[PDB]
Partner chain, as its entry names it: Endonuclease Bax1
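Okay, so here's just one chain, in structure tokens, the form deposited without the partner chain.
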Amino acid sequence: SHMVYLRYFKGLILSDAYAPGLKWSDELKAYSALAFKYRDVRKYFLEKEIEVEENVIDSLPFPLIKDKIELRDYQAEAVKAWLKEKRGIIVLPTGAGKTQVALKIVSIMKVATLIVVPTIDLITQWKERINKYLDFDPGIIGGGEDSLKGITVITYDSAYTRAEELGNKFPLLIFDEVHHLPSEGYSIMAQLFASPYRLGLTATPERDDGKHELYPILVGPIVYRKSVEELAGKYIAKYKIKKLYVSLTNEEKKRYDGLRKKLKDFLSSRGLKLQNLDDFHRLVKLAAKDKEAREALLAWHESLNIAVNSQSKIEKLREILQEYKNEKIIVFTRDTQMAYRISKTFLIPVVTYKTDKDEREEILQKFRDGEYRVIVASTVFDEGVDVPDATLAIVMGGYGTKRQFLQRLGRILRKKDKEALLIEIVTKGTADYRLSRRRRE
């Protein structure tokens, strides 16, 4: 009738009719390829609406399991990523629990599984984790053992020895340390397995010989990759970061201290924590009904503006501006005024938000030429194509450690960030200090 015959034979896929990636062998009297092709050859005949008689997979039976795996946020992401195609590599730093990601996939899929590991030490490990998380004692091929089971852990070397026999036995095939797989001997071994579902795991998918270019014919592409940074939701910067502590000028201290006692004596009467988030919201709420609080709130706000914009920071910037000798620098501050005073003190040009773009472009291109070896902008380019690039960056408040800002500095700070420096100046003993160590991130 209509039925094409599709069969496994000693590590090969054998078909009556052509399908892409097949080739005809007079010897077998059939079209054939390495049995990796099985999924695509099956799918294609289905998509081309041709009906197929199939003697390809002879699956071992999947055991009863008790899944005890509670996945982390990223772990579960991975699983979901994988399940789209069910044929690919999941990259995650070591320590991040690759094993549990894989065993969850095993738990979901409920099909016989071969987990291939490069070392006998890793056998023992997977043995232990499968017992722990799936409540099943797997079969072991390697280390002197040879028991075959619905879930089986095997060495790369033994898989090679056993490739033809085991090629159509496990629908799900998992390679641990999958960067080993493209090596000599191993690379051929994987292509004999008809296994439709394939999963690789590694922290280090790239190889120097670049033989990782093969992954698509062995396991599948990378379908999920995440740095340690990316998992924690932190940003890490290539450059160095240097804190420099100025102290207030003696004029600034006196008014600072004044405003502070005004805020403090208010919170003595009303009993608020300056350091608490809801006690702050209380103050602001009480400020729109009471003048006394409102003076206390506005004192608080000013005491910061003093410390954040302290002259002493301009006085240290003089010391720094000589040591780094006008080597393509950018100085930052969120306060518009503080741009201008630094601008005037050192004879540096200013890049502010209220500047013509033809003026902002011309001053930056004069930076680009090497004419100006220092420049200041209080505002920063946001959603902005012409990101300036330069050796050194200075930030004039403790708000320089904010993460949204740091990543903007990252692309801009270095063309080659050879531990290229970012310094920030911070007023000792003040609300500027504390902002610089403000946990928010």
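The term rigid core refers to the most C-alpha atoms you can superpose between the two forms while keeping them within 1.5 Å. Numbering follows the first chain given and starts at 1.
Keep in mind the form deposited with the partner chain bound is missing from the figure; the text below concerns it.
Only one of 249-257, 347-355, 87-95, 154-162 lies within 4.5 Å of the partner chain in the bound PDB entry by heavy atoms, and it is 347-355. Proximity of residue 374 to the partner chain in the bound PDB entry: non-hydrogen atoms within 4.5 Å are present.
Residue 245 falls outside the set of residues with a heavy atom inside 4.5 Å of the partner chain in the bound PDB entry. Although the partner is absent from this view, residue 146 stays clear of the partner chain in the bound PDB entry, with no non-hydrogen atom inside 4.5 angstroms. In the bound PDB entry, none of the heavy atoms of residue 282 sits within 4.5 Å of a heavy atom of the partner chain.
Screening 278, 229, 362, 128 for any heavy atom within 4.5 Å of the partner chain in the bound PDB entry leaves a single hit, 362. The contact with the partner chain in the bound PDB entry, taken as any heavy atom within 4.5 Å, belongs to 297 out of 122, 272, 297, 109. In a rigid core superposition between this form and the one not shown, 284 is the single residue of 284, 76, 203, 108 whose Cα is displaced by 2 Å or more. After superposition on the rigid core, displacement of the C-alpha of residue 13 between this form and the one not shown stays below 2 Å. Once you line up the core between this form and the one not shown, the Cα of residue 121 stays within less than 2 Å of where it was.
The two forms, fitted on the rigid core, differ between this form and the one not shown by less than 2 Å at the CA of residue 85.
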